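Only one chain is given next, in structure tokens, and it is the form deposited in one PDB entry.
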């Protein structure tokens, strides 16, 4: 039930950038969400082999997780905040797609997504 390679956290032919908003997404948004009691399942790529979820990547073709996002922010991999925000949204949606409404992991994603939205509602100038 193999795992694919994790998403890239660097790419030499993609241009880098740093903005106040991206800095905030690392220092305030991600680093605060990371400490939430429901954050742990999202801190690394889904290990389908270890979790006995042999169809996870048969279903999910654009995997994402906060470990990957953190490294991308640390790499200055993103062009802008919206690009990073898209990754968070992909992570949450993957969780909703693979699982069913009401599942424990879905309850965790829903709580984190609310907190995430609360925190990006206002970004620095």
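By rigid core we mean the largest C-alpha set that fits within 1.5 Å across both forms. Residues that one form lacks are left out of the comparison. Residue numbers count along the first chain shown, from 1.
The same protein has a further form, the form deposited in another entry, not shown here; the description that follows concerns it.
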Problem - residue 101: Cα shift of 2 Å or greater between this form and the one not shown (core-aligned) - result: no
Practice task
Could you tell me whether the Cα atom of residue 16 shifts by at least 2 Å between this form and the one not shown after core superposition?
Solution key: yes
Practice task
Taking the rigid core as fixed, pick out the runs of 3 or more consecutive residues whose CA atoms all shift by at least 2 Å between this form and the one not shown, and give them in sequence order.
Solution key: 11 to 18
